[PDB]
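The structure appears right after this line, and notes come after that.
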Amino acid sequence: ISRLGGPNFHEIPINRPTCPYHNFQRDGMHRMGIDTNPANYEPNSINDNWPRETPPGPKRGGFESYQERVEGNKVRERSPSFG
Amino acid sequence: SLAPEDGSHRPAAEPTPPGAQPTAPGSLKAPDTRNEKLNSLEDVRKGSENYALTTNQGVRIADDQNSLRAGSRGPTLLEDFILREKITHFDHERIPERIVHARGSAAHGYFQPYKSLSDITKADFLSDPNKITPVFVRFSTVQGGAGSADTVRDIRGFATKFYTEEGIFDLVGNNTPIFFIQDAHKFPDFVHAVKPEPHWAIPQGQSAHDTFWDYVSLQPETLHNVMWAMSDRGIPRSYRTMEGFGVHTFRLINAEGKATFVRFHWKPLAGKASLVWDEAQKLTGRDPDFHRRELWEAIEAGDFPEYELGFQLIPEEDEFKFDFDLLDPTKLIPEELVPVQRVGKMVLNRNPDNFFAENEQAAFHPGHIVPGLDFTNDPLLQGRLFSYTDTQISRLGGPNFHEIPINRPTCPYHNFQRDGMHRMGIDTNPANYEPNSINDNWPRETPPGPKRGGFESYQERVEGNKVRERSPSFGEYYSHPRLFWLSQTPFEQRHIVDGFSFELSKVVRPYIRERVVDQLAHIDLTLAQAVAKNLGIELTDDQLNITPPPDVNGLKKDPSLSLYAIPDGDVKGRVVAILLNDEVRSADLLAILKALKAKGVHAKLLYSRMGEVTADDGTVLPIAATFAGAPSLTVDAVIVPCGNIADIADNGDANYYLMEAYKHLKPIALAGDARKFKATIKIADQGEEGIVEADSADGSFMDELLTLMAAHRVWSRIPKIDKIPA
Amino acid sequence: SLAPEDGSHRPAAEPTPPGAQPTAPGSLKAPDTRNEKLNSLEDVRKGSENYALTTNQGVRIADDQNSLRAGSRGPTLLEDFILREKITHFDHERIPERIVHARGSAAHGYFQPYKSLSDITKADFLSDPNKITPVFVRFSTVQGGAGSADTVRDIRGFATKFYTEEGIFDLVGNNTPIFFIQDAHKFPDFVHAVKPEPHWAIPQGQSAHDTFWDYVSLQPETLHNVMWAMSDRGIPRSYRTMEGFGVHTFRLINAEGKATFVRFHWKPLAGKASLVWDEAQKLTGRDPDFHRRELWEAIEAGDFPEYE
Amino acid sequence: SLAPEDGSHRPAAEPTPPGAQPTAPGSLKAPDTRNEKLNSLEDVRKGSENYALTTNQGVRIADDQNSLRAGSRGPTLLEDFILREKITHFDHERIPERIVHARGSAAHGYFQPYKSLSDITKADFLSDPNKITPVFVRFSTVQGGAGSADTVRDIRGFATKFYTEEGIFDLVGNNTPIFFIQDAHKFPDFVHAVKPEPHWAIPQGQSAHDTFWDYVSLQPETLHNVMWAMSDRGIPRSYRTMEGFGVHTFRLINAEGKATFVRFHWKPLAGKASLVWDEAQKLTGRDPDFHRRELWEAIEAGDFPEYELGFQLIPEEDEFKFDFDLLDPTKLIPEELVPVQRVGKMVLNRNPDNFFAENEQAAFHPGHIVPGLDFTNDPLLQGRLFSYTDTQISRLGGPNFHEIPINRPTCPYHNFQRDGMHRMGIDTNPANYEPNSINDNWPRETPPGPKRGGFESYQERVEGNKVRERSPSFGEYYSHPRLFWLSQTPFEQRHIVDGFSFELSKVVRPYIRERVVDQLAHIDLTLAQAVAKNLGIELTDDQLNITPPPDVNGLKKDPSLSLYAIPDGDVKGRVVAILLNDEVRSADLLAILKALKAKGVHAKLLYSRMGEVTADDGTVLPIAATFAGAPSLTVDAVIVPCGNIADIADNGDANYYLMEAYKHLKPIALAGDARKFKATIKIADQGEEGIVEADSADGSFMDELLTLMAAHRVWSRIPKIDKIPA
Ligand code: HEM
Ligand code: HEM
Ligand code: HEM
């Protein structure tokens with residue numbers, strides 16, 4: 001945000017993905033992409049909810065975190081195993 | 001080019017009622033009003049009288065009226081550094097406005113608790129009834145930009161910065177006890193839906209448009225806070241006359257380590273009061289700065305905004321004892337189930353000196369807590385803790401925003417952070433890391449303890465898998481909107497129906513209207529049918545047979561949810577218009593002013609032109625405003641004294657003044673021959689509750705008007721106003 | 001699938017009168033209206049239908065309704081990079097507004113000269129009646145912020161960007177033929193006096209306050225443009241029914257090197273029309289977006305704003 | 001308790017010689033040193049000892065070693081506001097470096113004039129010999145970034161901020177009297193050519209690459225300042241031993257309105273001294289911070305940098321009396337024609353406390369002038385006036401950069417400018433415009449006058465058409481380079497030749513080397529032939545026959561242009577390496593050290609390991625550094641006392657130490673058996689000038705060494721060095 005001037009640093013040509021990217025994020029300093037979507041939120045009816053979420057799957061699926069089990073109290077403490 | 005010889009350019013530095021003197025920077029209006037934070041800003045306050053005009057480098061300017069040119073009709077020269085510095089500063093005056101709550105009005109003040117709260121919290125600012133904490137408070141709307149109007153229909157922000165001895169605590173609340181959404185991940189979606197639509201950037205200051213109602217119809221968790229917004233809670237009369245709420249459950253942590261859940265409340269000691277919609281919307285055009293101005297003027301008059309901090313406290317063992325989840329910010333905790341315990345009083349008693357430097361640049365953030373407080377896992381609060389430090393990097397230009405004077409703590413702050421844009425503090429520590437030996441490890445960490453200890457988080461147990469999933473206990477959306485609806489008076493319910501009807505009438509795509517009416521049918525069929533009727537929609541048989549949602553832990557109503565069901569009126573600081581004529585009966589005006597003065601109610605003297613008029617006894621009356629210049633929207637009641645009533649009887653603006661005030665349910669009082677105005681608003685000879693009338697203004701006449709004012713508006717008149725052409 | 005099965009969510013891509021259909025982005029409402037600048041923006045126009053929702057790094061998102069947490073009632077985790085990107089972007093959406101003329105409404109179009117003006121200027125865009133120059137025009141008020149109301153009493157800005165074959169020419173004018181002050185050194189003084197007063201930031205969109213009139217009373221050069229602001233010129237019916245002016249004398253230079261002084265004018269082909277004060281002031285409450293709305297809807301109807 | 005029990009972590013708060021104590025922030029090292037600007041910064045200085053570690057909001061931190069997680073091996077939680085504030089601040093620490101002069105080193109000090117100059121200037125700071133003006137001075141290179149090396153070949157900047165009673169005056173100069181180009185419109189072209197080339201961003205801190213020499217070969221106006229850069233002026237020994245110049249002709253304006261043309265000079269009271277190229281280049285590797293370190297340590301030792309301000313003055317009516325245009329910043333004013341008049345003394349006597357807050361954030365700009373000075377039409381100065389205000393808007397984040405503490409004036413400053421990012425000052429003036437009545441028009445313009453008056457530009461006549469045209473009077477490129485060349489000693493001329501030969505050998509495209517050699521042939525044939533020979537280029541008959549340019553106003557040289565033609569050496573503050581052995585002769589060491597002390601010369605005691613060694617008589621001698629760790633590059637002379645020479649006799653590093661120092665022309669002194677080191681540097685038995693040798697280190701041995709040091713280097717040695725493999 002300070003180094004590259006704002007939240008559109010992904011539109012700086014070297015940082016751009018080569019695959020598609022579409023979402024409901026808008027504006028910010030030196031915004032290059034001109035969105036034509038009637039909607040800038042979801043869920044929406046006015047663009048039939050596009051662009052849409054994709055369930056996780058074996059290929060071309062949406063990101064889901066691995067469901068690791070977390071058990072402990074909220075602490076600021078170094079594991080003894082690191083000592 | 002100078003001041004008038006009589007000194008009338010300069011306001012008296014004493015308390016004065018609204019309109020009596022030009023308004024002024026706080027430190028010039030109330031130089032003797034002080035607190036530790038106000039004093040601390042002395043290092044950066046800059047005066048002006050008797051000083052030479054200079055460049056920002058301290059060079060005196062001889063001619064501030066002309067650019068340097070080659071001949072007096074020649075081109076401007078690039079070596080004019082005085083012109084270029086002045087115009088560079090101007091060209092860079094603006095900073096980004098806040099992403100939400102951009103429109104807001106702020107003041108200084110102080111807080112103190114009524115008794116020590118050390119049994120439930122170790123927070124220092126709550127530990128001693130005689131230890132005062134300065135505050136800075138900003139009230140705001142949500143949707144509109146910094147230049148939008150004040151009296152829109154919207155939720156209002158109520159953010160308080162407490163400058164404590166153990167750190168800054170910011171209580172960043174709104175004027176309703178819930179929010180629209182459950183999880184911070186949806187915040188940009190909801191905000192984008194309520195904000196002006198992206199193609200054309202319309203509408204400003206309004207949720208009355210397709211995308212907002214599309215989002216609501218598809219996300220029923222919003223319905224509770226939508227019910228609040230559509231009620232007269234959405235259009236408060238003043239920031240002094242609304243409630244405040246922290247929304248989330250937070251924790252208090254006492255010196256023995258015990259956690260108690262808490263929700264925070266502000267109770268307005270001026271009482272709860274709101275406008276009516278037609279008045280609010282017209283006032284956005286006649287005075288878009290109405291709330292900002294009323295707050296500043298109340299403070300200049302001595303009618304300081306006062307609020308009582310209150311806590312709803314639930315023990316840790318009672319977390320799951322309600323029929324809603326305490327961590328769900330779309331649910332309120334009814335006061336019938338958990339009472340608000342009174343904790344302390346906050347008084348706002350001084351306006352800022354410069355709006356930009358103090359109000360625009362203030363940064364509030366709910367993650368600024370102190371020892372004795374902690375967070376909970378409410379998933380909206382959790383995400384807020386990210387946003388408020390992130391957004392200041394662009395809004396306030398970098399990570400040193402805490403050195404902007406209004407944001408600075410008044411307690412010590414020392415650490416190993418360094419640099420960043422516009423770094424003010426010059427660190428002399430030979431170390432910029434710890435642990436270090438070269439400065440014997442200073443500044444040092446401090447263990448937690450009963451007072452003056454380091455912050456430690458409450459060691460809540462966490463057990464679950466890493467999931468992006470809404471808790472099933474948050475999946476109920478209709479019972480709290482229903483409880484709110486059933487707790488309103490009949491006239492408040494009518495105004496809620498009107499608010500939804502007005503808004504959905506401005507949704508262009510009819511299916512969205514239909515979908516919202518179907519949501520309403522899941523809350524209350526009387527509400528849904530009344531909204532559907534105004535929209536030309538007929539409920540289906542299936543919609544008529546939707547089973548009402550359950551009661552909330554057995555409650556059918558909770559009157560603390562209504563603005564008006566329990567009297568709590570306070571007329572001090574309200575304002576009455578007095579419609580003058582060119583020969584006012586001075587004995588009427590004497591009696592009116594005396595009675596108003598005794599209750600702290602201000603008056604504005606209006607006429608059909610400016611300047612002065614003379615009363616029957618020779619008293620010269622300065623005119624505050626014309627009838628058109630300061631419409632009835634801006635006052636709480638209208639009084640018309642006797643005198644030469646023929647002067648104003650046929651004046652269209654005076655007659656309209658009374659018709660507008662009547663429509664908007666304001667008390668009207670007519671003395672003597674002013675009773676001929678009864679004909680303009682169709683009052684029967686016998687009179688009407690809400691219209692005070694008599695041969696003269698006197699003790700009885702004023703006491704009656706003042707009793708009406710204590711009840712705020714004349715709700716009984718509602719059936720009589722639909723026929724009035726105003 | 002949340003859209004109605006009847007397709008009524010989507011406005012027809014044909015000219016339609018105000019209020020008949022929801023408004024839409026221009027390239028969706030009028031896809032066949034083109035000019036050289038609008039075509040050159042194709043490289044950055046982004047659609048949406050039929051595409052997967054992704055982060056800005058192109059990673060598809062599966063659940064855009066929830067933060068990642070340890071347990072479904074647990075704390076949110078710092079490793080949720082999808083939440084933090086979305087909220088970071090949101091947190092930095094705003095840029096500073098313009099110091100003056102922050103409230104404005106804009107549209108695309110084109111300009112064509114009636115005849116070659118090569119006798120008086122070598123400007124390429126005025127050289128040939130068959131040469132079309134795309135334009136982008138922003139109309140504005142002066143004092144209020146970007147979220148202030150349209151039908152205030154104020155001067156209006158009228159700014160036109162001509163995308164010529166020999167460079168951008170911006171004709172940055174107002175709706176009266178003069179300005180309030182004579183020398184730029186005073187512009188921050190004048191603007192500070194008309195803008196909201198610095199202690200309390202009141203009033204928005206209004207010159208009706210003490211510091212404006214204090215300055216006027218002390219600087220009689222301002223009286224000519226104050227006369228125009230006080231007239232009904234200060235409350236136009238629409239941006240279509242006001243005049244434009246460049247204010248200053250500029251020069252035209254021909255290929256022989258002759259200079260001619262010029263002042264620029266725009267004449268509204270819809271005619272001149274203004275509101276009356278009580279109506280204008282009331283409309284700032286009933287519809288603060290009235291001029292921005294009227295402009296957009298006139299274009300969607302085919303009532304194109306035209307100016308000579 | 002992390003500091004050592006003996007207090008050895010803390011530097012003595014008193015003057016100490018380089019290496020004796022760790023360095024420290026200036027207000028901790030020299031608490032007694034003060035001036036009006038250092039006193040005014042006290043309000044932002046932050047301490048550390050005995051304070052708790054806090055957030056920036058003043059909340060005390062209990063554990064600064066761990067993030068908050070769910071379990072001690074679990075995920076980090078978003079609610080950890082302590083971790084996110086500390087990482088956010090760190091993440092935004094950096095600001096843009098200066099576009100040029102990014103690498104620089106600065107100190108505080110003071111200036112006083114010798115007598116009042118009221119007869120020629122009404123500038124307040126020059127009006128009274130008792131009036132002392134604080135200064136802040138930053139020295140720099142031009143091309144490299146902030147993290148590039150100090151002892152590059154480059155022009156150096158010398159920028160002084162005078163904090164006067166009538167405004168900030170910045171004298172923003174370089175260490176040569178001219179610049180490379182004539183019109184500011186070419187500055188981006190010239191700076192892009194010298195800067196790292198845009199494909200690969202190489203080379204750093206070097207003009208030895210194709211684009212620089214491409215531009216020079218096409219732009220002969222650059223050749224004058226290029227001659228200076230190729231000379232040893234390009235590689236100063238210290239910021240203490242270089243000249244400074246304002247370059248441009250400015251004006252002084254007295255109280256009667258009379259203008260005098262002036263060029264500004266700084267004369268180093270330590271005298272003029274430069275490195276030699278192999279030494280400079282090697283030092284960029286062994287100590288890239290050598291000049292920053294030398295400056296800081298001189299001030300900690302009490303070897304304060306001192307400079308005399310001087311003025312070359314020309315009356316208005318003599319504007320056209322020279323063979324060159326006074327407005328042409330590629331021409332110098334020879335001192336033989338217009339003498340420098342001494343004006344006053346500047347002493348730099350306190351280092352900053354925090355480099356980023358005081359050095360990195362300082363803004364100097366030559367448009368910052370005060371009444372009594374004014375500009376001229378020099379077209380390079382005219383463009384500079386635009387750039388220095390503009391560039392601060394991105395570098396320092398906005399238009400309030402004068403409120404960063406180091407930049408603030410110490411005199412009053414009041415105006416109607418408001419807002420902007422980072423606004424600190426909170427204006428209480430009811431008005432933010434003038435003329436106003438509501439504040440009686442304060443702050444007010446001030447007419448010009450003899451003292452304390454408003455700034456008015458001198459009413460110079462302007463007559464001409466609007467043109468983009470260079471004055472024909474600027475079109476002469478070779479005479480000033482030739483004057484400079486002829487003014488150099490023979491050894492200085494040799495080092496010029498070697499500078500161009502080395503740089504042009506790094507140019508990959510041979511035709512550019514050929515084109516530069518052709519320009520040199522228009523300056524001096526001897527110069528051109530000697531460079532050509534080193535490049536394998538043969539001059540053509542046409543090049544051999546170019547007529548030399550004319551002399552400048554009859555001068556065929558001016559010795560003030562040479563570094564060394566006129567001895568001006570001072571040994572105070574120089575440093576000698578003393579090479580120890582494991583059994584040093586203590587009588588030798590005592591005599592060396594006594595003599596060095598008397599003249600204020602420092603010593604560093606070196607050996608093959610750290611720790612201590614013991615003298616023949618039991619004295620314990622602490623080792624500062626090893627042979628490899630503090631090489632001869634870093635000292636001015638080398639002395640080897642007697643003792644157990646066999647200990648170090650076949651130590652390669654010790655031998656190499658003396659060869660390196662011998663190559664680089666440094667005085668070397670050998671006592672007793674240390675004379676055996678004569679063989680490693682091929683010295684004959686009868687000895688040679690520049691090598692001091694004797695049976696013991698006194699009688700006249702230290703006087704001999706000290707006289708060699710006053711002459712800086714042993715120039716007569718130059719023939720002998722080529723046969724040393726070093
Ligand atoms: C209970 C729900 C919330 C309440 C009661 C609330 C309250 C407020 C208030 C009153 C302000 C204005 C403070 C001022 O006067 O400057 C504000 C600003 C802001 N809020 Fe919230 N908020 C809520 C949810 C959120 C969420 C979910 C996010 C995003 C994750 C968010 C991010 C922001 C940001 C970026 C600002 C502007 C802050 C600044 O620039 O200083 N808020 N909020
Ligand atoms: C003939 C008198 C003037 C006219 C007709 C005029 C016209 C305008 C207009 C229409 C705009 C809005 C541009 C847009 O729509 O984006 C504007 C912007 C602006 N003007 Fe002027 N103006 C005048 C005087 C001045 C002066 C005297 C100054 C300062 C020296 C000034 C500085 C600015 C600045 C800083 C902006 C904002 C531009 C931006 O942020 O991109 N103007 N002007
Ligand atoms: C006689 C010719 C010049 C001299 C002697 C000179 C001197 C200097 C010096 C000594 C510095 C470093 C100041 C510091 O330590 O912060 C500097 C910085 C700078 N100069 Fe110049 N300069 C010359 C020409 C120019 C020109 C022609 C321009 C552009 C028109 C320019 C623009 C700048 C800029 C942008 C900086 C960095 C300033 C900052 O970031 O605050 N200079 N100059």
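Below, chain A is the first sequence line, B the second, and so on; all start at residue 1.
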Which one wins on heavy-atom pair count under 4.5 Å against chain B: [options]?
options                       : result
C:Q182, C:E93, C:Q219, C:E197 : C:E93
C:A106, C:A149, C:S8, C:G74   : C:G74
C:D214, C:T88, C:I95          : C:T88
C:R84, C:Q204, C:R286         : C:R286
C:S72, C:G144, C:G71          : C:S72

If you compare all heavy atoms of [X] against all heavy atoms of [Y], which two are closest, and at what distance to 0.1 Å?
X      : Y      : value
C:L83  : B:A184 : CD1-C, 4.2 Å
B:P96  : C:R94  : CB-O, 3.6 Å
C:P288 : B:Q206 : CG-NE2, 3.7 Å
C:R69  : B:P379 : NH1-CB, 3.6 Å

Part of [X] lying under 4.5 Å from any heavy atom of chain B:
X      : value
C:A24  : backbone
C:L295 : neither
C:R103 : side chain
C:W200 : both
C:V191 : side chain
C:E85  : neither
C:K195 : side chain
C:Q21  : backbone
C:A3   : backbone
C:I99  : both

Do you know which of [options] has the most heavy-atom pairs with chain C at a distance under 4.5 angstrom?
options                        : value
B:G145, B:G383, B:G464, B:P188 : B:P188
B:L28, B:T23, B:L327, B:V507   : B:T23
B:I202, B:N354, B:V508         : B:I202
B:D278, B:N351, B:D80, B:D378  : B:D278
B:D210, B:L218, B:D91          : B:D91
B:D287, B:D289, B:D325, B:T284 : B:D289

Using a 3.5 Å distance criterion without hydrogens, assess whether the side chain of [X] forms a donor-acceptor pair with backbone atoms of [Y].
X      : Y      : answer
C:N66  : B:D183 : no
B:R470 : C:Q65  : yes
C:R292 : B:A201 : yes

Between B:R468 and C:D64, does any side-chain N to carboxylate O distance fall below 4.0 Å?
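Looking at B:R468 and C:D64, the cut-off is not met.
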Does C:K86 pair with B:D189 as a salt bridge, N-O distance under 4.0 Å?
yes
Given heavy-atom pairs under 4.5 angstrom as the criterion, report whether the side chain, backbone, both or neither of B:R515 touches chain C.
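When you check distances to chain C, only side chain atoms of B:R515 fall under 4.5 Å.
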Need one label for B:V467: side chain, backbone, both or neither, based on atoms under 4.5 Å from any heavy atom in chain C.
both
Over 60° means perpendicular and under 30° means parallel, so tell me whether B:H192 and C:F90 are parallel, tilted or perpendicular.
tilted
Answer yes or no: is there a side-chain heavy-atom contact under 4.5 Å between B:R395 and C:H92?
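When only atoms from C-beta onward are counted, C:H92 and B:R395 do not touch, as no gap falls below 4.5 Å.
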Rounded to the nearest 0.5 Å, how far apart are NZ of B:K29 and NE2 of C:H199?
10.5 Å
Step by step, would you call C:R73 with B:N377 a side-chain hydrogen bond (donor to acceptor under 3.5 Å, both in side chains)?
CA-CA 7 Å; C:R73 294 183 75 253; B:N377 292 330; over 6 Å; no
Audit row: C:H185, B:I82, side-chain contact (heavy atoms from CB on, under 4.5 Å) steps and yes/no:
CA-CA 9 Å; C:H185 198 67; B:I82 297 167; 4.0 Å; yes
